[PDB]
Every structure is written in C-alpha cells, then in structure tokens.
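Enquirer: structure for this input, please:
(chains A, B, C and D)
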Amino acid sequence: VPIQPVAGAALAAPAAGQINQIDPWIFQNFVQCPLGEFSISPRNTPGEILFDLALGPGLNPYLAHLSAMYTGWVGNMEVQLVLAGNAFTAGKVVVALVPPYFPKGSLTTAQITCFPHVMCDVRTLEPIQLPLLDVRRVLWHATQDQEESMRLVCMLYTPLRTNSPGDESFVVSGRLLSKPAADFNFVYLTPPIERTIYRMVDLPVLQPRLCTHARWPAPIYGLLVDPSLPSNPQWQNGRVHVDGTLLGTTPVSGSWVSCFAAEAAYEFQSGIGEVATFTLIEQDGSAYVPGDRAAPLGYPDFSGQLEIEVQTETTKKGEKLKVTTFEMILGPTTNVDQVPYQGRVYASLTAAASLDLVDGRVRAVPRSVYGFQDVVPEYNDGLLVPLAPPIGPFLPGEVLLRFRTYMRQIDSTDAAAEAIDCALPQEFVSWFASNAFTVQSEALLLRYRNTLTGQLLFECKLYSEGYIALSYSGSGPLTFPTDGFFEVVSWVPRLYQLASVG
Amino acid sequence: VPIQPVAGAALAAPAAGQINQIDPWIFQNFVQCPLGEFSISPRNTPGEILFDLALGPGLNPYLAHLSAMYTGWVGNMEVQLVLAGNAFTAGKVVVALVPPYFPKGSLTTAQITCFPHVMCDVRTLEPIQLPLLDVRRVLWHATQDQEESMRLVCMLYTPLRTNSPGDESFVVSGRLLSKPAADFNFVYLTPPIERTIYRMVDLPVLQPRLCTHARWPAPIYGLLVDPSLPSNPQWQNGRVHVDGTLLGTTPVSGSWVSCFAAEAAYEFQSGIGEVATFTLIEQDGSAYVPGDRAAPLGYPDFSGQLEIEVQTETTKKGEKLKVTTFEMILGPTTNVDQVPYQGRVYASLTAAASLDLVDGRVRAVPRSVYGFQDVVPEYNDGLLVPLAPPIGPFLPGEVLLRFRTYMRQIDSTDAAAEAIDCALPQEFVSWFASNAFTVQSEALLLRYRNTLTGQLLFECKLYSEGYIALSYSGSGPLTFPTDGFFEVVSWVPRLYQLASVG
Amino acid sequence: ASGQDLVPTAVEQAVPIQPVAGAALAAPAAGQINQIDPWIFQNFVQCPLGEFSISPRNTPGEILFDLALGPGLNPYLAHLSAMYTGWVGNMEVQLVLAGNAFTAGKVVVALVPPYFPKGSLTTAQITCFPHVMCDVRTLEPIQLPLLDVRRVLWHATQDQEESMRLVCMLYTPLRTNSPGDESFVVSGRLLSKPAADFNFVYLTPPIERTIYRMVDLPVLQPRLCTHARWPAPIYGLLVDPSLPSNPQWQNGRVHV
Amino acid sequence: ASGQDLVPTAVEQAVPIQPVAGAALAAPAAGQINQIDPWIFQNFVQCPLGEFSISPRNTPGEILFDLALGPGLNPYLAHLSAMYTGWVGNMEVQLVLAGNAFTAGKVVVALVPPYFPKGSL
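Expert: Residues are numbered from 1 along each chain as shown, chains lettered A, B, ... in the order given. Next comes the structure:
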C-alpha cells in the first residue's frame, strides 16, 4: 500500500499538554469492530459496500471505553481482515483506504482500486494485515466530536463464483479485527464525562409486561406479530428514534398518551344542543403553535368515537367536581369541524336535560371508544398535515412485532373486538429520549432473553427509526411470552439476515 | 505509621494471567474521593466518624472508570488529607488505618489511636501524606464484587476549640485526595461490562413537567414544598430505593398506578342492591400471594371514594363494551368489608334500574374521588399490614419537596380542594428499578438546573430511601418552575448541610 | 518573608502537564514575523476579568472565575488583539489572595482542557484536571501557568478560540476565626502576563468593534443625563430598599 | 515546624533521674521467657485514664491526673495483663496539650516515688 508516513503522534505531542499511554496489552489483541461484519453471497453483483469503517476509538470496546476520560487522541490503527472461505471459491475483494473529506455519493468498481488499496482474495489462507493511519488536518482529533477521519471502504471485485449446495447459498462471511499500533496514544486527561458519543445503547431490564403502553394508558398484555396485518402502518404515538428525537405526537410520559389539555367552552343548548369546544394547548402548562407535531403532544391518534372524562367547575347542583361522558368523534366522519392541528376539537356533551356547565382549563383523559380502526384520525378537516412518516422499508423476510393492549369499549356486537399495537413502548421512548444515544448504524440487534431460564426466545433488529423487526416467514399470528428483557449485541447494518422464528 | 510492607503487586503477578499498567499521568494527580468531605464544627463532641473510606478503584473517577474493563486489581493507594484551617484553631484529629475484617459496631476515642494511625492537627500547614496499602487475604481483589479491604477511619481527637465570629460557626472543612501509588495495577482485561458497581447514578434529562406522576395518572403540574404539611408522610406509591428495590405497592409503569386488575362478580340486587366483588390478582396476568406488598402492585393508596371504570361483557341491551361509575370506598369508613390485602374489594355498582352484568377478568382504571385525605387506606379490615416505612429522619432544617398533580373529583363545596404529592416520579422509579445502581452513601446531592438559562434553582439531597429533601427554613408554601433537569454531583453523607432556599 | 506571617508563605505544588511548544508551530503558517514587545513581558498586569471576592456565604461547589486563555487577560494583549488575527498562547497568571491570619479555606485552580463541556464543574472534579489547591491566607502571589493544548496552529482572535481554561472553585468555604462582626470577604485580584512564547500570527487593520475590548461608560456627569423613562433631567441618584427591588418597568433598560 | 506557630514548639527539660535497669532483674526470678510483641512497641496508644480537661475554673493547687505506673496505661498491656501475673515497668508517655495561641498557663508533671503518701501534693 503506497502511503509512506513518517510520524503520527510526535507531531501533536508539542501542543497536547500531556500524551498518555494505554498499556502494552491492549496493543496485542485483535478485537473486532462493531459494524464491519460482511457476507459475500454469490448472488451479489459486484460493486457494493461491504463496510465503510472510519478511524477512531470507536473501533475497539477498549478504546471507546477509555476514551471517555481523555480529551482526544492521535495515532494509527491496524486491521486484520479475516474471511471464512476455504478453497474452490474464487473471487477477489479490495480494501480501499479512502481519505478524510471524500464525499460519499457513489463508489463504483473503477473507483475502489484507485486509492492506496489492497486487493485481497476470498481464497486467502493467512489473515490480511492492513494499516489505518490517520491523515490528519489538525494536530489531535477530539474525542467528543465525530470528525472526518480516514475510512476503510471494502468492496467486492470480480465477484464470488463458487459452487453452492442445496438450500444453503455459500456466503463468504468476513470480519474485521482492529488493534491500535504503537503510534496510538490519547491526549489530555479530562475525567468527568458521563454521556459519551461512544456509549452503547442499553435497553433496560424492565419486563415487557411491567411496562406502560405508548399508545393507550394500559399495561402491555401481549407481544405478538401478524403477517396478515399491514406491515407498514403509520403510527403517531410511540414513534421515537434511538437518537432521542421524538416523532409526531409522542410524549415522554405514560400518563400523557391519548389525552389532551385544553381551554373549554360550553355554549349551545337549543333543543338538540349538547356540544363543547376545546381549544387545545399542551399538557404541562404551555401554548400550542402548529408546527410539525400534527397535534399537541399525546393527542389520541386513532379513528373512533372516544369518550373522555373532564373536570367541571359546575355552579349549580353539585360542587366543582363532576365527570361526564363527552363523546368525541376522532374518526373520519367529519360531522363537526374536528381539527386538532389548529387546536379546536368538538365534543358532544351528554344525554342530559338541558345544560349546567362552566368553562375553564381542562384535561381530558380517555375511557372508551366506539369502533376502533388502525387508520390515522383527521387532524385538519380531512386535509393533509405534517405527520411522522410510516414505518420504513423492511428486509422482505421481516415483519414488525407489536405490543398488544386492549381498550375497553362499547361494541354490543362482539367481545374484545380490537387490540392496540405499538413498537418500543413508553418505558423505551422515555429511555431513548432521556439518554439520547449517538447511533452508528441504522439497525441494532437485540436478543429476547427470558429471566428465570435464560432461553433465547428470539433475536430481533431495532431500526433507528424506532421500531423492532422480526424475521417470521409465515402468514399466521404468533405471540411471545412477555417476561424477557431485551438486550443489545451490536450495531448491525441495514441488510442483515437475522435467523428465523419458528 | 508502623506497617512495614514489602510487596503488593509482585505477590499476585504469578496467578493473574496479565497485570496491566494504567499510564504515568494518573499516578501524579490528587483527585478527591467521592465521600470523604468532612467539616469539624466546634459544636461537635469528640469521637465521631468524619469519614470511613475503603480501598478500591472507587476512590478516583479514573480508577472507577478504567476498572470496568479489567477483572480485578492489586496495589496501594495514597492519601493527601487537606484541612481548611489557618492558625488560632487548635485541636488534633487522627487518621486511623483500620484493617479489613474489623467490625463496625463502635469506635470510641480510645479505639482510634490504637491502630497504625497518624495524629495530625487542624493547625497544620502542609498537606498530610498517608499510605493506604491493601492488606490482602487473597492474591488479587476482584473489581465486580465489593470486598473487605483496608479502610481509613478518621476521627477528631482533643476537639476543635476556636474563636467563632457572629452567626458563622467556624467549621474546619477537610478533604481527602486519593492517588494510586506505583504498586497499583489492574489484572486480566475483560472488555464487556456495561453495568458496574462503580457507575454513578445519573437521573435523566427528562423535564419534571414532561414526566408522569407516580401516585396518580396525571402529568406533574407543580413542584413545591410545604413546612405546614406533615414532613413525615407514609406513602405507598412512588416509593423506591436508589438500589432499584421497590417499596410497597409501586409498579414500574405509569399506567398501572392507582389501578387494579381482578376477577369480578356481580351478584346482589334485591331492592337496594348494586354491589360487585373484585378478587384481586395482578395487572400483567399473574396471581396474588399476600406477602409484603400490602396490596397488589399499583393499588390506589389514599383514602377516598374512588369511582372506577370497568370493562363489562354485558349480555342484554348492548355489546360487550359499556363502562360505568363503580363507587368504591377506599377510605377509613368500613361499611363493606374492604380488604385488598387478601385481595377482595367491594364496589357499589350504579344508580341503576335493577341489574344486567356478567363477571370476568376486569381492569379498573380510576376517574374521580369524593374527598381526598393523605392517610393510608385500610388494607385489611382496619388491622395492620406490612407497609413500606414512613419517609425517614431528616436533618432538622430540611423538608421533603413534593410533586403536585391535581385529581378530578366531586366536591360541590369548593373547586380544586386537593392535590396529590409524591417524591421521585414514575420516570425516576422506572429509571432506578431498571438501572439498579450500587449505592455508596445514604444521601446523594443534586442540583436543580434549568435548561435555557442554566440558573441553579436549588440544590437538594436525594436520600437512598428514595425521597428528595430540601433545606427550606420557613413555614410557608413555595413552588419551583418545572423545567429543570436534576443532575447529580456526589454521594454526600447523611448529615450534610445543603445551603438554603430563599 | 517580608511581613510577619502566621500564614503559608509558599505554594509550589508542581502542576502535572507537559509544556506545550507554541509559536514554533504557527511561525511557518503565518506569512509574517511578529514580535510583541520585550517589555510587555516581565510586567505582571491585571486582567480585565476575574476580580473575585470570596465570601462566607458561598457553597464549596461554586465557581469564582472561569478564564478562557486568550489575549483578553491583559490590557496590552487585548489592545494589540484589535489589530491582529490569531494568537498562540502561554501565560503566567498570579492569583493575589488576601485575608488575615484569621481566615481559613482553600481554593482549587484547574487547567480544564478546551474540549470539555461548560456545564457541571463539581467539587469532585479536582483529581481529574491538572490542579493546584491554594490556601486563602497565603502571602506570596501564586504564580501558575496557563498554557494551550490545541489541535490547530493558532486560535483566531474572534469567536473561534475554543481554548484552555482556568476554573477556580472554593474548595473549603471561608470560615473566619475573628471574635467580631467584621466582614472578612476575601477580595482577590489576579493578574497575568504573557510568557516568552506568546505572539500574534497575522496583522489585520484595527476595526474597534472587536470582542474583549475595553468597555467604557460616557464621561458626562450623572445630572447631565436625560432620564430614560420620563423626559426630565435626573434629579438625584439614590438607593432605597423599602421600594420593591424587582421592578417590571419596560423603558430605560438595555443589555450591555 | 508543621503548622504556623506562635507557641512553644519544643520542650526537653532533662528530667533528673537515673535510668532504672528493669527486666534484667526479674528474668532469673520468673521461670519463663516472655516477650510481648515488637509492634505493641513503637505505637503510641491512648491510656484508658487521664483524659484531662484543664479549665479556667481551677485553682493552681489542683491535680489533673495521677497515673500509677502499670499495664493499665494501654489497651494492649491491660489486655495482656488479664493473663499474666507480674510485670516490670517502663513507659514513654506523651501528653498532648492543645489550646490556641490565645491561652496561657503551665502544668507540672512529677515522677513521684512509690513510697510517698497519697495525701497533700
């Protein structure tokens, strides 16, 4: 590889304050990078990204762990590329060594082998040693800011042409193994850092039956998946990123969901009467400016006829405490002008005599629906509205698992006619929006691990748009016991093949 | 100091696998221990614990941070004792060096100066160097198990006799500053450890207005403190430890609180009628065995007349969906046999014609009370019951701050007659019971820090029985704006003097 | 050993940081030669910041000053930095702590690095940073370095520094031993000089709108002024605690 | 010379008594060999007696403490003396006097001999 460096730590050692050794035992293990696990299948046309792995302390667990107490780092990493292919499987693969500040728009096959690359092979026997020496623009990189460093871009080249057996296509699975060289050493030691850009997402050890639902205030009763239900829903509560940035109407509260706070108005009673006008604000004493939330925070996002309690400061025949039914059409039937996007909802009062009600600041908890459908409510007059996007593209063998609760409703036709679905419940939404992790990949592997037996129930990938997918080939419903704590393994890439669910 | 050691790392270096250096810059800073900050006031009779600081990597932030990637450690620490006292303040103080496996039952003044101690003085000018060399019983200590190591016990001796000015008693504030010696080095490097016994409690960056209340399903509206209210309440929801061990009826859910799941029975209608019997179980499909929880998880813990919704599978005149009032006396008035401890509650049905109801598994969300009192409900017939203990002893200048919500109720006498109080809301209960920290002290300092200005609103200590205290000298109510994220500083001891609140 | 002393006359605690080699790095970068003066050096001169009065009514987790390294630590270098762009930094900073032999208390300095968050600097963050703790009673001026640990060749003199800071925290708060009702609020004026290595890199014209210039108030009289709330001359400046001293009046107020 | 001092840092006034040669006398008497410990030595340790608080409300003919020489001057020797019969005595006793530079006053020690009446001192 033509690079020819001379120095990478003695350059920054003057203007560093203090440069710090690590220990001579971390410079001797090849411990694998978090997201460089590739698999060359023979049904892959050549010229695709196998991995794009930067420089940095986020290539070992040890450097990422120790780099939370320093202010930065210099020095050169080293890579052992290993491939799980014996003979009779020809086909090259190139590890190009792309510099910092090279744009990522396109990288075809005539572009890989134009860097100082190494053209290795699937048939190789010994592992492949390769330096990743940081071409700086500055003296030392900082460790709390992601920075344009040297990246290692691997791509197959004269692709894999091998003989495959029955029902098992021979993938050549390759791994990267990073190790800092003798040039790698951190700079000035700053001890207090609690939250870091190299921390791993953790997904706490709360049980999925002990956690609050993120779409309706009920404990989660089921944890199932349906290929017969639509695999691409457009939910607006329980949407989150792993970054912590919320999406849509989602509150960081289990008590705010499917509820709203407003200023009431009780006006009309002239023979048919019985209506109320709620001017929406916010559920923690704030205002309402219509931006991108499509509704105030925690507004009920489903089509039905929701009955809502209320706090009334009624003058005559009772104290300042009586609740009532308050039917409220959330559904597509626009009889009254239902618009939570301007923040004006209308609610029929009660089958009552005439009227005795007083306006004020109210907060309207829900209690029952009449007919549930999993479509979005009309937020503005039937017109469009800035929504959270639908749940993104899956691998075609995967469907999203969902977390069943059960509303209480009025049906008079059949019992338990509906159930409420979400992904990443409110104890994970309030987890992600409070820790605010820094993501590496777009997907994130999990293992569902029950407590008192340790049996791996399923593995599942948690996409960074905040939904958990699961590869179930089938067309029937199936459930899972709700006593397993979710636990991470690694930031797996987008097109990852998690095994199966039987 | 008479100890006379010879070696403390070369003993364990044979049976270690690999011993690991740290770097030569961590062995040069005196960075202070987490819980050794003492203050000798002149109104302190001699013979009291100033600090009892063990050995271990939990004496620096750097050793506690780096010790999460090793399997253990050996070696000797070193202590710089500094005191903030100039001349004219005589009075000695002894740092005794107590061995491992010495019982902590009593340590009088004739017991301190009977170890290999150092008898230093308040009037000293240079700081006080002192070794803390680990008297092992084993080869290397492990780093994931707390272990009986050498402890440094400081105690005053011929006490402080100084001249004090007006309204400021001259405390001699002393600090300990730990640093590992050249003998300190870790052993075999095990990289993956996420949760550690040396991790610091963190208290996430959720706003107190965006968090769900832990006693009633409503968003927190106020954050106030009252010296006129009783400073020692006995709450049963929202009780937690920093350890993660829950106390009483507290669920790890915002939706389970003040609610219960049961098997219903609808029997009696004979002229006055209108009663239902709920046999309690659990709110996530479990049983109920009466142990120490005093009620099922999330049972409403307050005295009143709670009206609760229900899901009814009614045969005639409607579908399997209609909700109703269900008055239920939680209060001290034992008309019907109210007992959630055996799991049998009774609820008057409805001012209804006669009866049409069908038994089944129900879950009874609350909607309104008639008269709120902050006393515990009768859990078993008026008899006693294994309860969570009342909120523990404060420093006499401190009262617990509390988190206001507002129920909706029936009063017909006055509006907003009551408000609901808790400490550590459900987004901190579900935080502590999911991280499950390891505690060092009994108290834990916080700083209330508003977001868009950074103004320190108050400092407050979070006791390890799970309640936040606040030193407000006064007799009037005062509130705080609910937009400040709580942030920790250190594990302060029990008898700590946080400043004031004006 | 000048005065008669029941106080610590000497602090030299050997702050553990490698000496940075500034101004031999940015000499090939800039296309100029720029000495400053050999008499702006060897002259300790008070910074236009950081005059800190420690009081007994201060918690020990409280910050006295937080000086970012820059030319805004002398009148001289803040005067020259109106011309130039860029500088390469070293300083010798002397704290002048005062207060009688009847005071007490410590205070930690901390050379906190540039890329550290400007949020919580608690009491327990003294072992992490290269620090020197200092008694309040001390008689000599406390000299200590203030060097830069930077990733660039020079820091641009407008809002582009992100450089190394001195954080002082009172580590043990000021209890006095005097048997009187006397205010022992220890007033300290620290003062900095550039080292033998501070220089400016490139020479731009002075614009007078510069950051950290010497603020000044108009020298007229206070009775020669128009009242900013009613059109009348000021008939008297005064104080009165009996009036409500958190007023909500709108006109007459301006951020400086 | 540790702290800053307006106080007498040193007292060494050369108490005039011949050094007694104990424990080479009672070694032929007892029929045993009995060392104690070489680490009970070189460790100054508080006696279970004599903690004296001088006050301004004290006449100058008043006694602060009267320690008889014995093994009841350490926790160690009073613990070992539950086993043994007999001892041969020497001690180094350190008084720890305190009080600021604003105090005054003297205090005399006195090695009063054994066969002296326990009345008027």
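
Enquirer: near chain B, which residues of the stretch 101-250 of chain C?
Expert: Selection of the stretch 101-250 of chain C residues close to chain B by CB under 8 Å from any CB of the partner chain yields C:101-106, C:119-120, C:122-131, C:133, C:135, C:137, C:171-173, C:175-182, C:184. All C-beta spots, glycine's among them, are computed from the backbone N, C-alpha and C.

Enquirer: which bits of chain A sit near chain C?
Expert: Residues of chain A found near chain C (CB under 8 Å from any CB) are A:12-19, A:69, A:71-72, A:138-145, A:187-193.

Enquirer: of these, grab the buried ones for ChimeraX.
Expert: Listed next is the ChimeraX selection for buried residues among the residues of chain A next to chain C, using 16 or more other CB atoms under 10 Å in any protein chain shown:
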select /A:12,13,14,15,16,17,18,19,69,71,72,139,140,141,142,143,144,187,188,189,190,191,192,193
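
Enquirer: for residue A:63, which three-state class applies?
Expert: helix (DSSP: H, G, I helix; E, B strand; the rest coil).

Enquirer: buried ones in stretch C:30-49?
Expert: Result for stretch C:30-49 [16+ other CB under 10 Å]: buried residues C:30, C:34, C:36, C:40, C:46, C:47, C:49.

Enquirer: so, in contact with chain A or not, that stretch?
Expert: No. Stretch C:30-49 does not reach chain A (CB under 8 Å from any CB); its nearest approach is 15.4 Å.

Enquirer: please name the nearest non-neighbouring residue to the closest residue to chain D within the stretch 1-150 of chain A.
Expert: Nearest residue of the stretch 1-150 of chain A to chain D, counting by CB to the nearest CB: residue A:18, 32.4 Å away. Take residue A:18 and drop its neighbours on the chain: the residue closest to it by CB to CB, 6 or more residues apart in numbering or on different chains is residue C:18, 4.6 Å away.

Enquirer: count the residues that sit near that neighbour.
Expert: 18 (other CB atoms under 10 Å in any protein chain shown).

Enquirer: what's the answer for residue C:219, then?
Expert: The number of residues packed near residue C:219 is 5, by other CB under 10 Å.

Enquirer: and residue A:115, by the same measure?
Expert: Residues lying near residue A:115 (other CB under 10 Å) number 19.

Enquirer: would it be right to say that it lies in a helix?
Expert: No. The assignment for residue A:115 (three-state DSSP) gives coil, which keeps it out of a helix.

Enquirer: next up, the contacts around residue C:26.
Expert: Residue C:26 makes contact with C:86, C:88, C:153, C:154, C:201, according to CB atoms under 8 Å, 6 or more residues apart in numbering or on different chains.

Enquirer: got these as a markdown table, with neighbour count columns?
Expert: Listed next are the contacts of residue C:26 as a markdown table, based on neighbours: other CB atoms under 10 Å in any protein chain shown:
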| residue | neighbour count |
| --- | --- |
| C:86 | 24 |
| C:88 | 26 |
| C:153 | 19 |
| C:154 | 26 |
| C:201 | 22 |
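
Enquirer: in strands, which of these fall?
Expert: C:86, C:88, C:201 (DSSP state E).

Enquirer: quick check: the second one vs residue A:44, distance?
Expert: For residue C:88, the distance to residue A:44 equals 53 Å [CB to CB, to the nearest Å].

Enquirer: sweet, I'm off.
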